[PDB]
Structures are given as C-alpha cells and as structure tokens.
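For reference, the structure is listed below as structure tokens.
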2 protein chains.
Amino acid sequence: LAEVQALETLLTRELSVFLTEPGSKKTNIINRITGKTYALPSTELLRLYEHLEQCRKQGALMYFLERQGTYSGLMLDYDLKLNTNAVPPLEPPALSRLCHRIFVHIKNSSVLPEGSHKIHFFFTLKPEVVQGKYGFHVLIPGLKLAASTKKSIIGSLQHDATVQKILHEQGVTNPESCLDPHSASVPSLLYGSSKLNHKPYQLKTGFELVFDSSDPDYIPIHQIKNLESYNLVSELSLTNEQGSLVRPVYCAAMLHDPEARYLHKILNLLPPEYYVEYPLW
Amino acid sequence: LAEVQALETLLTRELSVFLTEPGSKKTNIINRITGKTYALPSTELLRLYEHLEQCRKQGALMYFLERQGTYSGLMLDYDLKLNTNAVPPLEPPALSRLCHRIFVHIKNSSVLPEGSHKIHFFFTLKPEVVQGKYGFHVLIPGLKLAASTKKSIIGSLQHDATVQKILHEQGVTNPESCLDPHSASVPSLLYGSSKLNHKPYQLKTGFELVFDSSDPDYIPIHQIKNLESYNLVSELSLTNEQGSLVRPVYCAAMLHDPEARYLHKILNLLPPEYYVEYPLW
C-alpha cells in the first residue's frame, strides 16, 4: 500500500535519527510493531501525524503509542463490563454530561488559567462488545496538566456518583471500578492504533467546552460538527501543541526481540503440560 | 393571495365567535390591522398560528399582537442607538453570553422549578438600521413567569455591566437605557408581524439553555440547528403552551389603511411650519 510505503520511508530514511534507547525519558513516540522508540521534535511529530492520518483513513494496521510524561493532555481509559453484548447507546446527552462532570474535577484541581479558554473532549469507542467487555477513551489533548494533577482528577472521577449513574443507565455493571487509575501514566494509543490482538477505537463524538473565570457558572458544551476536516491523529494527540482545532491551554504545574522470526517456538512453549517436573525440568 | 384568503376565512367565519370587547382581560390576541381583539382557546390559537406561519413564509403584511397578561413567557425589547448605520455583527458568541446573563437574573429571581429543564432563547432583529436606530427582541416564550417577576428581571438586566459591555462592543451608544422597562407589560408582536410603519423583525439565531438544580454550575446553551422545521409563529409565542420545540417550564407565581397612497400626503403634510394656524386654520 502506497501510504504504508510512504510511512516506512519517513520512519527508516528520516526519523531513524531520533531513535531513543530503551527506557529513555526523551521518548515521546513508541512504534510497538517495529519495537522502535523516538524523541520527535514538534516539526517531525506533525510529519508523522500526516502519514499516520493517511494510513488511518485507509484502515492500515498501526500500533503507535505516545508517552504522557510529566506535562501533557488528559486521557481517561474506561474498561466496561456490560449487561449484554450490545454496544451501549452512548448518545450526545450522556457523553455531554460526562464532559461536564470531568470538567468539575479539573476545575476543583485549581490549576486552570484565568480568562476564557476552549477545551475539546473526544470519545473513541471499542468497535464491538466481546463477552460483555466494552471500552471508551476520553481524550482532552489540549488541556496540558501535570501528571500528579491527572492522578488527582482520575481519583476524584472514580468516586463521582453522577458518572456512576450515567454508566449504570448505559448497562455498565462495574461503574465503581471501570476507570483505569493508571490513565495518567500509561502510554496512550495514537488515534487509528491498537494492541495487535484488538481493533482501533473509533471517534464517535467530540465536544467543545468553553470556561470563563469571570463567569464560572456558564460552561457551554457543544458537539464539534466538522471533525472530518481536521487531522484526527494530530488533534487527538495528548503531546501535540501544533493542532489546528486543539490549541493548548497550559495549567499550573522485554528484551528477547524475536523480530517476527524466533517467537514461533514461544507459540509452542506454552502448551507443554510440564507443570510437575521430577525428571522433566 | 391564497394563504391571506385562508386567514381571512378563518378570522371572519370561525374565530369571530371569540371577539372580545375593548379593554377585556380575556383578550390574548390583537389584530391591529382589523382593530379586532380575541380570547382564543389553545385549539384555535394553534389554528391561527398555522395560518399566520403560512402568511409569514410568503411575506404577507401582518400586525398581530399577543397580550402577556399576568403569567406568560419573557420578552426583552432592545431599542439601540448605534455608532453607524451598519447592522451590528451580533454573532453567536455575543448572543450566547447575553442568554447566560439573562438567565443569571431569572435564576436570582428564585422562581425556577427544581429538576432539569430546557428553555429556548430566540433573537429577532430589525431588518435594517434607520438613522443609527436599531432593535432586537429576545423571546423566552416557554419560561412562564409572573408579570411582577418579569419587571424585576428587566430592572436587574438594565444595570448588568457584562450586558452593557457586549452592547458597547457591538457599537451601541445607549447601553444603559436601550432595554424597554415596560417589556413585561406591552403587547408583543407575533413573529412575522410589525407596526404598519415598520418591517417585521427576522429570526437570526435561537439557543437551547439546559439548567439542573442538582448541578447549578453546568449551564450549556446549545444553539438550535433545525429552526425552519418548526412553526416559528407558534414556538416564539409567549402565551402558547402547545409548541413542539418550546415546552413550557412553569415558574412560581387608530385605523389608518393608507394603501401606500396617503403616506405621500403624510410625507408632504408635516414639513410646513403651519402646526398652529391663525389665518389658515
């Protein structure tokens, strides 16, 4: 495929010069398919996002992660157990109310800057329910938060009675324990990417929240209408600062490497029945 | 014209049985062209609104007023003096902020019912500036208020510094004295109607405000997208209770007919200084 070939050329010929060592702090981008780690400057991050976006629109297999580090956008990872194997409705009013409640906790952290600011919420959903297991990500990529503040906001969100109600009425049986408390620290999948055993989450709905310190009781939340007009890998990225839709608002602060060849014996080192080993160890 | 003929037949053959006497309190509808006053029950009000709406869509001359009485929707009448003879921009953000400020005064009146409620704001604008004179109506037809509460809300709105700022930045030179303090009591033009010397105000933008007593800091004002889908005479009526878009929320409690021929006589009669006439009376 042309756009995959283009991404391959960008990675090997050009971005190879930004390859980081394992466990490097500078790393911002992880390609879990090639097992490569990169520290991309903003210019080269954007070029990557243009290629990943073209690959996304053609349904190409991607497994890119961004590292959140100490100061970046907020991601909420919800792992739902459902009543049934039916995708829950999750219509705009429920998602709109979720945004409001998420914002109340952000505001209560006291780190928002004074003045008038737009922040965008994006809901990406697991494409199907598998054995009653369902998922969504809430991405607030533009709202640049300290890791410690994200952890605090996530702690508060787990105990939110209104959020638990919304999730319950959607058919969620684990509304108390569905929000991953490590949402603040885990590397976050780029839009169009997934674990190799899963399919990528799909953008259902995005919302624009405006807050004004002078008028704190007015918190307008509206659906974003022309989402398709933007580079979604770009806009949804927690570490991006050069989005068009998403403009930053700054808040107060495995080594065996088989390389697709040697792992085959791994596939037959599991179904030995060799638990008990008197001579067989 | 067919729809005017239809309205004429409805008025003379059918609604004539609801004709009220001059100064009757039962009056809810005034046809200032025919000089007739009516007390229409809800069923016949709707039939009227269907005919007026058809007449409106074809640009027919209407001069219908509704009487606000003691308990009905809120109307704000703004008479603007402008910097220039250019229509002020009045884009959604300015009008959105106006709605929020108007709501703060409604909330402060203490009369809103507990629970979750949608209220709709409609802004109808004077079609052109004439000698720097401009106007808009703010209609909140669904929010059923006592006359005394409307007067109180209007009093507070006149002194609102944020509203005065918004109007100032639009080029208004009378931001302190542009809101008619009798907005609560005056008979209110039906959408598509006007004084015989003026043209009807045009609906520019409508907004949906949701309030929730349990979550008072969340006040999302969603603009309304499919306005054309509704009967606008119906929805915008302060006294209507059977709108489709606008569902009521209950708060705690001469004849000219110039035919464009004698307007010329008026235009040539005023300029002489013969208002007093000792030899030429």
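By convention here, the chains of the structure tokens are called A, B, ... in the order presented, each chain's residues are numbered starting at 1, and ligands are numbered starting at 1 in the order presented.
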
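Summary of the local environment: counting only C-alpha atoms, residues at most 7 Å from residue A:187, other than itself and those fewer than 3 positions away along its chain, are residues 65, 66, 67 and 68 of chain A.
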
Find the residues of chain B that sit at most 6 Å from chain A; for each, write down the nearest two atoms and how far apart they are in Å, to one decimal. Count only C-alpha atoms. Sort by chain, then by number going up, and give it as CSV.
residue,atom,partner,partner_atom,distance
B:217,CA,A:217,CA,4.3
B:218,CA,A:219,CA,5.6
B:219,CA,A:218,CA,5.3
B:220,CA,A:220,CA,4.0
B:221,CA,A:220,CA,5.6

Fill in: Residues near residue A:225, cut-off 12 Å, only C-alpha atoms, skip fewer than 3 positions along chain, as a ChimeraX atom specification
/A:204-208,222,228-230,245 /B:225

Discussion item. Need the shell around residue B:20: protein/DNA/RNA residues with any atom at most 7 Å away, counting only C-alpha atoms. Skip same-chain ones fewer than 5 positions apart. Format as number ranges by chain?
Written reply: B: 27, 37-39

Selected residues, C-alpha atoms, written as an mmCIF file, in the first residue's frame, please.
data_model
loop_
_atom_site.group_PDB
_atom_site.id
_atom_site.type_symbol
_atom_site.label_atom_id
_atom_site.label_comp_id
_atom_site.auth_asym_id
_atom_site.auth_seq_id
_atom_site.Cartn_x
_atom_site.Cartn_y
_atom_site.Cartn_z
ATOM 1 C CA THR B 27 -58.099 39.196 25.296
ATOM 2 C CA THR B 37 -59.484 41.714 19.858
ATOM 3 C CA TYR B 38 -59.933 37.939 20.574
ATOM 4 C CA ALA B 39 -59.799 35.455 23.501
#

Discussion item. Which residues are near residue B:200? Cut-off 9 Å, only C-alpha atoms, ignore same chain within fewer than 6 positions. Put them as a list in words.
Written reply: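 Selected residues are residues 61, 62, 124, 125, 126, 127, 189, 191, 192, 193 and 194 of chain B.
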
Response to the item:
Over all order-paired Cα atoms, chain B deviates from chain A after least-squares fitting by an RMSD of 2.4 Å

Discussion item. At a cut-off of 12 Å, using only C-alpha atoms, what residues contact stretch 253-270 of chain B? Leave out same-chain residues fewer than 3 positions from it and give the result as a VMD selection string.
Written reply: chain B and resid 31 to 36 61 63 70 to 72 109 to 113 144 to 150 195 to 197 250 273 to 275

Writer output for current selection, N, CA and C atoms, as an mmCIF file, in the first residue's frame:
data_model
loop_
_atom_site.group_PDB
_atom_site.id
_atom_site.type_symbol
_atom_site.label_atom_id
_atom_site.label_comp_id
_atom_site.auth_asym_id
_atom_site.auth_seq_id
_atom_site.Cartn_x
_atom_site.Cartn_y
_atom_site.Cartn_z
ATOM 1 N N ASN B 31 -55.491 41.951 16.518
ATOM 2 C CA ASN B 31 -55.222 42.188 15.075
ATOM 3 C C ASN B 31 -55.352 43.694 14.833
ATOM 4 N N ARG B 32 -54.242 44.423 14.893
ATOM 5 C CA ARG B 32 -54.231 45.911 14.857
ATOM 6 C C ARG B 32 -54.611 46.410 13.453
ATOM 7 N N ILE B 33 -54.522 45.569 12.414
ATOM 8 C CA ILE B 33 -54.973 45.941 11.037
ATOM 9 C C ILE B 33 -56.505 46.011 11.022
ATOM 10 N N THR B 34 -57.201 44.990 11.520
ATOM 11 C CA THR B 34 -58.690 44.939 11.562
ATOM 12 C C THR B 34 -59.226 45.600 12.844
ATOM 13 N N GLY B 35 -58.350 45.933 13.799
ATOM 14 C CA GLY B 35 -58.723 46.544 15.090
ATOM 15 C C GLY B 35 -59.549 45.602 15.951
ATOM 16 N N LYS B 36 -59.488 44.294 15.685
ATOM 17 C CA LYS B 36 -60.274 43.250 16.395
ATOM 18 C C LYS B 36 -59.436 42.707 17.555
ATOM 19 N N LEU B 61 -48.241 41.081 4.868
ATOM 20 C CA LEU B 61 -48.438 42.153 5.876
ATOM 21 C C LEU B 61 -49.289 41.604 7.027
ATOM 22 N N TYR B 63 -50.081 42.429 11.364
ATOM 23 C CA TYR B 63 -49.929 43.249 12.591
ATOM 24 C C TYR B 63 -50.717 42.579 13.721
ATOM 25 N N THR B 70 -50.687 38.112 33.069
ATOM 26 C CA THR B 70 -50.076 38.068 34.425
ATOM 27 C C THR B 70 -49.086 36.905 34.532
ATOM 28 N N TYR B 71 -49.143 35.923 33.626
ATOM 29 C CA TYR B 71 -48.319 34.685 33.657
ATOM 30 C C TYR B 71 -48.104 34.183 32.223
ATOM 31 N N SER B 72 -46.900 34.380 31.678
ATOM 32 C CA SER B 72 -46.538 34.019 30.283
ATOM 33 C C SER B 72 -45.017 34.083 30.097
ATOM 34 N N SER B 109 -34.072 35.453 40.652
ATOM 35 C CA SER B 109 -35.493 35.741 41.000
ATOM 36 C C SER B 109 -36.064 34.645 41.911
ATOM 37 N N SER B 110 -35.437 33.465 41.935
ATOM 38 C CA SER B 110 -35.699 32.310 42.835
ATOM 39 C C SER B 110 -36.944 31.516 42.418
ATOM 40 N N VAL B 111 -37.516 31.744 41.228
ATOM 41 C CA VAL B 111 -38.865 31.222 40.846
ATOM 42 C C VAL B 111 -38.743 29.970 39.970
ATOM 43 N N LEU B 112 -37.533 29.586 39.561
ATOM 44 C CA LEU B 112 -37.343 28.412 38.665
ATOM 45 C C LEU B 112 -37.724 27.157 39.435
ATOM 46 N N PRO B 113 -38.386 26.180 38.783
ATOM 47 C CA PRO B 113 -38.678 24.904 39.426
ATOM 48 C C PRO B 113 -37.397 24.070 39.567
ATOM 49 N N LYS B 144 -42.521 30.368 31.738
ATOM 50 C CA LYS B 144 -43.777 31.023 32.178
ATOM 51 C C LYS B 144 -43.508 31.726 33.509
ATOM 52 N N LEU B 145 -43.535 33.065 33.490
ATOM 53 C CA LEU B 145 -43.151 33.962 34.615
ATOM 54 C C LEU B 145 -44.327 34.865 35.000
ATOM 55 N N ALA B 146 -44.434 35.203 36.286
ATOM 56 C CA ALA B 146 -45.373 36.233 36.783
ATOM 57 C C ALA B 146 -44.924 37.574 36.210
ATOM 58 N N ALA B 147 -45.866 38.465 35.899
ATOM 59 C CA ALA B 147 -45.588 39.826 35.375
ATOM 60 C C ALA B 147 -44.607 40.539 36.318
ATOM 61 N N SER B 148 -44.860 40.477 37.626
ATOM 62 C CA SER B 148 -44.023 41.120 38.679
ATOM 63 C C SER B 148 -42.580 40.595 38.610
ATOM 64 N N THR B 149 -42.380 39.295 38.364
ATOM 65 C CA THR B 149 -41.028 38.680 38.241
ATOM 66 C C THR B 149 -40.328 39.189 36.970
ATOM 67 N N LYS B 150 -41.056 39.281 35.852
ATOM 68 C CA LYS B 150 -40.525 39.823 34.573
ATOM 69 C C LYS B 150 -39.987 41.242 34.801
ATOM 70 N N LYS B 195 -45.576 46.946 13.495
ATOM 71 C CA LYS B 195 -46.282 48.242 13.325
ATOM 72 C C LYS B 195 -46.365 48.513 11.824
ATOM 73 N N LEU B 196 -47.370 49.271 11.390
ATOM 74 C CA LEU B 196 -47.682 49.419 9.943
ATOM 75 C C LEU B 196 -46.591 50.263 9.272
ATOM 76 N N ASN B 197 -45.823 51.026 10.057
ATOM 77 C CA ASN B 197 -44.746 51.927 9.566
ATOM 78 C C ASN B 197 -43.384 51.211 9.552
ATOM 79 N N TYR B 250 -42.887 25.998 34.119
ATOM 80 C CA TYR B 250 -43.771 26.806 34.992
ATOM 81 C C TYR B 250 -42.953 27.270 36.201
ATOM 82 N N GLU B 273 -44.479 74.640 8.492
ATOM 83 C CA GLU B 273 -44.485 75.111 9.870
ATOM 84 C C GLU B 273 -45.859 75.595 10.314
ATOM 85 N N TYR B 274 -46.924 75.079 9.704
ATOM 86 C CA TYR B 274 -48.289 75.522 9.955
ATOM 87 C C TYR B 274 -48.999 74.663 10.988
ATOM 88 N N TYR B 275 -48.278 74.181 12.005
ATOM 89 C CA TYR B 275 -48.917 73.381 13.045
ATOM 90 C C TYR B 275 -49.931 74.211 13.825
#

Practice prompt. Would you please give, as a count of residues only, all residues of stretch 31-276 of chain B that DSSP assigns to strand (DSSP E or B) based on the backbone?
Written response: 66

Worksheet item: Where does DSSP see helix (DSSP H, G or I) in stretch 16-217 of chain B, if you list the residues as a PyMOL selection string?
Response: chain B and resi 16-18+42-57+92-108+147-158+161-169

I need the chosen residues saved as a short mmCIF file (atom, residue, chain, number, x, y, z; two decimals), in the first residue's frame, with C-alpha atoms.
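In the end it all went to out31.cif:
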data_model
loop_
_atom_site.label_atom_id
_atom_site.label_comp_id
_atom_site.auth_asym_id
_atom_site.auth_seq_id
_atom_site.Cartn_x
_atom_site.Cartn_y
_atom_site.Cartn_z
CA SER B 16 -65.37 35.87 15.07
CA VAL B 17 -67.17 33.93 17.92
CA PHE B 18 -64.14 34.76 20.24
CA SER B 42 -55.43 26.90 22.81
CA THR B 43 -57.00 24.81 19.94
CA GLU B 44 -57.96 27.98 17.94
CA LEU B 45 -54.67 29.77 18.83
CA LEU B 46 -52.82 26.93 17.09
CA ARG B 47 -55.04 27.06 14.01
CA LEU B 48 -54.37 30.85 13.91
CA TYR B 49 -50.56 30.21 14.22
CA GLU B 50 -50.63 27.68 11.28
CA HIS B 51 -52.34 30.37 9.08
CA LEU B 52 -50.03 33.23 10.33
CA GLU B 53 -46.96 30.96 9.73
CA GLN B 54 -48.09 30.27 6.08
CA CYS B 55 -48.69 34.06 5.63
CA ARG B 56 -45.21 34.77 7.19
CA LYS B 57 -43.36 32.37 4.77
CA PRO B 92 -23.45 33.61 18.20
CA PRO B 93 -20.79 34.20 20.97
CA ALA B 94 -22.18 37.69 21.88
CA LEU B 95 -25.84 36.43 21.78
CA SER B 96 -24.80 33.25 23.73
CA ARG B 97 -23.28 35.43 26.52
CA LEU B 98 -26.47 37.62 26.54
CA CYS B 99 -28.54 34.40 27.18
CA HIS B 100 -26.24 33.39 30.10
CA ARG B 101 -26.52 36.88 31.73
CA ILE B 102 -30.37 36.97 31.16
CA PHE B 103 -30.51 33.50 32.85
CA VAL B 104 -28.41 34.61 35.89
CA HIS B 105 -31.18 37.24 36.59
CA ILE B 106 -34.00 34.65 36.04
CA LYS B 107 -32.20 32.23 38.47
CA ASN B 108 -31.65 35.12 41.00
CA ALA B 147 -45.59 39.83 35.37
CA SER B 148 -44.02 41.12 38.68
CA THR B 149 -41.03 38.68 38.24
CA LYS B 150 -40.52 39.82 34.57
CA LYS B 151 -40.43 43.50 35.77
CA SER B 152 -37.87 42.53 38.49
CA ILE B 153 -35.69 40.57 35.92
CA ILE B 154 -35.90 43.54 33.45
CA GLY B 155 -34.87 46.01 36.26
CA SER B 156 -31.75 43.87 37.04
CA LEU B 157 -30.89 43.42 33.29
CA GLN B 158 -30.82 47.25 32.71
CA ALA B 161 -22.27 45.57 33.43
CA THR B 162 -21.47 42.46 31.24
CA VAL B 163 -24.60 43.11 29.03
CA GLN B 164 -23.61 46.84 28.76
CA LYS B 165 -20.06 45.77 27.67
CA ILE B 166 -21.41 43.31 24.99
CA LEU B 167 -23.76 46.04 23.61
CA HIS B 168 -20.92 48.68 23.72
CA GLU B 169 -18.58 46.36 21.68
#

Fill in: Surrounding residues of stretch 76-85 of chain A excluding itself and chain neighbours under 2 positions, 8 Å, only C-alpha atoms, as a list in words
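Once the adjacent positions are removed, what remains is residues 74, 87, 129, 130, 131, 132, 133, 134, 135, 136, 137, 138, 139, 154, 171, 172, 173, 174, 175, 178, 179, 180, 183 and 184 of chain A.
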
Since we have the selection now, will you write its residues out, keeping N, CA, C and O atoms, as a tab-separated table (two decimals), in the first residue's frame?
chain	number	residue	atom	x	y	z
A	74	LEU	N	-4.95	15.22	28.94
A	74	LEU	CA	-5.56	14.20	29.82
A	74	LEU	C	-6.21	13.11	28.97
A	74	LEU	O	-6.87	13.42	27.98
A	87	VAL	N	-23.55	-3.00	21.96
A	87	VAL	CA	-22.92	-1.66	22.10
A	87	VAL	C	-23.90	-0.75	22.84
A	87	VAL	O	-25.04	-0.61	22.40
A	129	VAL	N	-18.56	-5.07	21.41
A	129	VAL	CA	-18.51	-5.75	22.73
A	129	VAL	C	-18.03	-7.19	22.47
A	129	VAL	O	-18.51	-7.82	21.51
A	130	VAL	N	-17.10	-7.66	23.30
A	130	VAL	CA	-16.59	-9.07	23.27
A	130	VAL	C	-16.83	-9.64	24.67
A	130	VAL	O	-16.22	-9.11	25.62
A	131	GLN	N	-17.74	-10.60	24.79
A	131	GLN	CA	-18.11	-11.28	26.06
A	131	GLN	C	-18.47	-10.23	27.11
A	131	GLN	O	-18.01	-10.37	28.26
A	132	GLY	N	-19.26	-9.22	26.73
A	132	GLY	CA	-19.76	-8.18	27.65
A	132	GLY	C	-18.69	-7.15	28.01
A	132	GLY	O	-19.02	-6.21	28.76
A	133	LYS	N	-17.45	-7.32	27.53
A	133	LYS	CA	-16.33	-6.36	27.76
A	133	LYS	C	-16.44	-5.24	26.73
A	133	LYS	O	-16.51	-5.56	25.53
A	134	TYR	N	-16.46	-3.98	27.19
A	134	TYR	CA	-16.54	-2.79	26.30
A	134	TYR	C	-15.60	-1.71	26.83
A	134	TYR	O	-15.12	-1.82	27.97
A	135	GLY	N	-15.32	-0.71	26.00
A	135	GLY	CA	-14.34	0.34	26.32
A	135	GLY	C	-14.61	1.65	25.60
A	135	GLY	O	-15.13	1.63	24.46
A	136	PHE	N	-14.22	2.74	26.24
A	136	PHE	CA	-14.01	4.04	25.56
A	136	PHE	C	-12.83	4.76	26.20
A	136	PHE	O	-12.53	4.56	27.40
A	137	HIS	N	-12.17	5.56	25.36
A	137	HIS	CA	-11.20	6.61	25.77
A	137	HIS	C	-11.90	7.96	25.74
A	137	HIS	O	-12.62	8.23	24.75
A	138	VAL	N	-11.70	8.77	26.77
A	138	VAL	CA	-11.96	10.24	26.76
A	138	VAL	C	-10.60	10.94	26.64
A	138	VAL	O	-9.77	10.80	27.55
A	139	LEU	N	-10.39	11.63	25.52
A	139	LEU	CA	-9.16	12.41	25.25
A	139	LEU	C	-9.49	13.89	25.44
A	139	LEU	O	-10.45	14.36	24.80
A	154	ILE	N	-8.30	11.83	38.21
A	154	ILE	CA	-8.74	10.42	37.99
A	154	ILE	C	-9.28	9.84	39.30
A	154	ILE	O	-10.38	9.23	39.26
A	171	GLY	N	-25.86	0.42	31.04
A	171	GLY	CA	-25.79	-1.05	31.25
A	171	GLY	C	-24.45	-1.50	31.81
A	171	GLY	O	-24.15	-2.70	31.72
A	172	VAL	N	-23.67	-0.60	32.40
A	172	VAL	CA	-22.33	-0.91	32.98
A	172	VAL	C	-22.54	-1.51	34.37
A	172	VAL	O	-23.24	-0.87	35.17
A	173	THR	N	-21.98	-2.69	34.62
A	173	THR	CA	-22.09	-3.44	35.90
A	173	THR	C	-20.88	-3.17	36.80
A	173	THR	O	-20.93	-3.62	37.96
A	174	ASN	N	-19.84	-2.47	36.32
A	174	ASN	CA	-18.64	-2.10	37.12
A	174	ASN	C	-18.43	-0.58	37.11
A	174	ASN	O	-17.32	-0.09	36.86
A	175	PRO	N	-19.47	0.23	37.41
A	175	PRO	CA	-19.34	1.68	37.33
A	175	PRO	C	-18.37	2.27	38.37
A	175	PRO	O	-17.93	3.38	38.16
A	178	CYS	N	-14.34	0.89	36.68
A	178	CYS	CA	-14.15	0.80	35.21
A	178	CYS	C	-13.09	1.80	34.74
A	178	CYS	O	-12.50	1.56	33.67
A	179	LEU	N	-12.85	2.90	35.47
A	179	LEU	CA	-11.82	3.91	35.11
A	179	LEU	C	-10.44	3.43	35.56
A	179	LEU	O	-10.23	3.33	36.77
A	180	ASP	N	-9.53	3.18	34.62
A	180	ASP	CA	-8.13	2.77	34.91
A	180	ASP	C	-7.42	3.86	35.72
A	180	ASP	O	-7.15	4.94	35.18
A	183	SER	N	-4.47	5.67	34.11
A	183	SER	CA	-4.81	6.50	32.92
A	183	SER	C	-3.82	7.67	32.77
A	183	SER	O	-3.55	8.05	31.62
A	184	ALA	N	-3.31	8.20	33.88
A	184	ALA	CA	-2.39	9.37	33.94
A	184	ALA	C	-0.99	9.03	33.42
A	184	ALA	O	-0.31	9.95	32.92
